[PDB]
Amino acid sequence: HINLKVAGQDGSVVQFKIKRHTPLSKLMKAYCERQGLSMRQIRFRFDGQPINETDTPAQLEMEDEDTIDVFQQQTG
């Protein structure tokens, strides 16, 4: 089990507990649900790189108290 932070554009941070080998898919769904958006609207990034539902903390080599950044769509 490790703890991950999800940091959003409004300054909020939400904590999640996850096992090193669980795919991130359900944490991402839980995050979209708890703040009311869809997967198609939220970009998940770790160290600035795209994060996919298939990925696990182990494969991304996350540590306890690491932060995932979340952003909404940008247009110009």
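Rigid core: the largest C-alpha set superposing within 1.5 Å between the two forms. A residue's number is simply how far along the shown sequence it sits, counting from 1.
- Greater average departure of CA atoms from the shown form, over structures and residues in 4 other deposited structures of this protein after a core fit, characterises 38-46 among 23-31 and 38-46.
- Per the PDB record, of the two stretches 12-20 and 62-70, 12-20 carries the greater mean B-factor over its C-alpha atoms.
- On average the C-alpha atoms of 25-33 have higher B-factors than those of the other stretch, with 25-33 and 42-50 being the two compared.
- The entry lists a Cα temperature factor for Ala7 that places it in the lowest third of the chain's modelled residues.
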